[PDB]
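Engineer: The following block contains the structure, expressed as structure tokens.
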Amino acid sequence: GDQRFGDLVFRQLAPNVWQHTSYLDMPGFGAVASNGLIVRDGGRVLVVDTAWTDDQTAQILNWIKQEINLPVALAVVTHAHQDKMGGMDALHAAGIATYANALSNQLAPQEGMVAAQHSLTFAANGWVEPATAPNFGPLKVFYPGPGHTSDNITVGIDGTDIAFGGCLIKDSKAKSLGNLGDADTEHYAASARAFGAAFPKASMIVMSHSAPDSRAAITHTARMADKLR
Ligand SMILES: O=C(O)c1c(F)ccc2c1O[B-](O)(O)[C@@H]1C[C@H]21
Ligand SMILES: [Zn+2]
Ligand SMILES: [Zn+2]
């Protein structure tokens, strides 16, 4: 099920959806896997999250060229940390239109990231303002509230059973909520639950640092976050 491609791993999750995985050896954490998504929509490819680095992100684009061979119409990144946004320059070098939460773009320089070219804004109920996410096809972008970070966003894939929680969601057996350095501890549980409520049909939950899981990832993440209050 896993395809090794250079130093990256790709896993098909649905007829039109693949998970990309890249690794960074970070001092104190080991070699951390980070996951994003690749979605074919008709004659276009859409990407969710970069790899950790520009070089790894260029390798994602190389895999897409070899395995799908359709243009990458856009990428959306899910917050301003390196696992999600470290490869922005590779997307720009490739001519790909890039999107992030407006707040992610504002935070990018101080986080050591390069901003995306376009900013998403969100209605009070969390759904993206559609004018700011043109041509997103089946990608349904939802801001669940502050959690792992204040700017974290999530993405469902219409027509599939898949939703992507990024670094907000940890797997159903996780022992901790990971890196809480920029987290909103009081609102985390509610934000995890809001993600689940936004995508009630999603039976496959994809996340940054573990393999795809059932919705027990959502309930378990929220239950762990209940203890932060
Ligand atoms: O998502 C996490 O919880 C996480 C972690 F547990 C360890 C290290 C990192 C994490 O994500 B990050 O904050 O986005 C960043 C790349 C670093
Ligand atoms: Zn993060
Ligand atoms: Zn992370």
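For the sequence shown, the entry's author numbering begins at 42 and goes up steadily by one. Note that the Cβ used here is the ideal one computed from N, Cα and C, for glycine as well.
Can you tell which of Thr-195, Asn-110, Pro-179 has the C-alpha that lies nearest to the C-alpha of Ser-145?
Structural biologist: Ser-145 has its Cα closest to that of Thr-195, out of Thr-195, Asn-110, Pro-179.
Engineer: According to DSSP, is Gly-77 part of a helix, a strand, or is it coil?
Structural biologist: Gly-77 falls in the strand class under three-state DSSP.
Engineer: Going by DSSP, which residues form a beta bridge with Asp-254?
Structural biologist: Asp-254 pairs with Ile-246.
Engineer: What is the C-beta distance between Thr-62 and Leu-49, in whole angstroms, given that I count them as a contact (C-beta under 8 Å)?
Structural biologist: Their Cβ separation, rounded to whole angstroms, is 6 Å, which keeps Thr-62 and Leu-49 in contact under 8 Å.
Engineer: Taking 7 Å as the line, does the beta carbon of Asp-124 fall inside it for any heavy atom of ligand 2?
Structural biologist: Checking the Cβ of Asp-124 against ligand 2 gives yes.
Engineer: Rounded to whole angstroms, how far is the Cβ of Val-89 from the Cβ of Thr-119, which I believe are closer than 8 Å?
Structural biologist: Yes, they are in contact, since the Cβ atoms of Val-89 and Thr-119 sit about 7 Å apart, within 8 Å.
Engineer: Closer than 7 Å to a non-hydrogen atom of ligand 4 - does that hold for the CB of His-189?
Structural biologist: Ligand 4 is not among the ligands present in this structure, which contains only ligand 1, ligand 2 and ligand 3.
Engineer: Could you say which of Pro-185, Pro-187, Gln-158 lies nearest to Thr-173 if we only look at CA atoms?
Structural biologist: Comparing Cα-Cα distances from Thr-173 to each of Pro-185, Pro-187, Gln-158, the minimum goes to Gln-158.
Engineer: Under 7 Å Cβ to Cβ from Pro-179, same chain only, skipping five residues before and after it: list those, please.
Structural biologist: Same-chain partners within the cutoff: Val-80, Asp-82, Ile-198, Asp-199, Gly-200.
Engineer: Could you work out which residue in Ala-235, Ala-263, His-250 is closest to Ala-72 when comparing CA atoms only?
Structural biologist: Cα-wise, what sits closest to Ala-72 is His-250.
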